[PDB]
């Protein structure tokens, strides 16, 4: 069935906040249990929390030694938030995690975010001797965003992505380069307008070729990822921002994680425009968002009850900003975020979100056969087998009737 063949993805922000391999395996088990197909794991998102064994970087006519890069990144991340739970996943842990997921039929999609949400990398680059990597807006320095005029900072960042992409090659299918929310701290969430401004309002102090350079940067990352046999993904907001096609084009192989329909003064391209350009669309509707430590109404945007309500009200098939058109999607992604990374991670709350997303879109999620397997095993060792292995969660109680056997 076509619905069941879609991707159903849970997203976890292990960039801002540390998650242990054990916690992540537990998430993987629940994902499999509920009919999900993939774990989307941000490891670079403000913080950078995945260290390769060899972190040496060649860029700028030199090689930054592995030990030096590791030190700079570890500290860069800790300056953002020194998490008492841990700093980073190691390469051994990631290889094991990917294999553990794969053995269960769960794929892994990493994110290493740039040119925004890269606090730790910027911090690292500074320690390594790269001057003024940060974008500044009229005196206000972005903590999270690289200046695209800074050739050395850009070359280092590209080489770091390439290094990660070389690792994830053959172990994974998709690599999310991110691209969301350029200089959102320094511009009060007006980054794309700011990058486009100089073209239409010249000689006013706006970044010359700002957006043009962003386009070139995004496409170069896309080529880098694809050179390792990987499909690039990115968040939608900066992609043909304001529906403006006059700055250049985006590479069609960029899968768009469509998370926002925009807001006042933040006029993103519709998913209709993006799909018509040829981009595949992953529905990542922010109606479903959950930010750790926000549980009920009044606790702010992305609170759990808001996310659970978005899940109930806005199904997997309902994409942001469609113009009423029929947008084809590769599937849908529900996202948990750690904006305040010191908040306590609650497995039960995350699984409640995941369960609700699966149950509210039951025809899209493979039925739970684990329960049935478990029951057969619990039969003293001294229907179920014949029911087709292709039901959805919508037909779940069928299976739960066959487990209601128990006696004989």
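Positions refer to the first chain, counted from 1.
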Exercise. Looking only at CA atoms, which has the higher mean B factor in the entry: 368-376 or 354-362?
Worked result: 368-376
Exercise. In the PDB record, does 232-240 or 92-100 carry the higher mean Cα temperature factor?
Worked result: 92-100
Exercise. Which one of 394, 24, 14, 10 shows the top CA temperature factor in the record?
Worked result: 394
Exercise. Whose CA atom has the top B-factor in the entry, of 39, 343, 57, 48?
Worked result: 57
Exercise. How does residue 61 rank on Cα B-factor within its chain, lowest, middle or highest third?
Worked result: highest
Problem set entry | residue 314 - which third its CA temperature factor falls in, relative to the rest of the chain | middle
For this session: Classify residue 252 as lowest, middle or highest third according to the C-alpha B-factor given in the PDB entry, relative to its own chain.
Result: middle
Seminar exercise, completed: Split the chain's modelled residues into thirds by Cα B-factor; residue 182 lands in the lowest
Exercise. So where's residue 383 on the chain's Cα temperature factor ranking, which third?
Worked result: highest
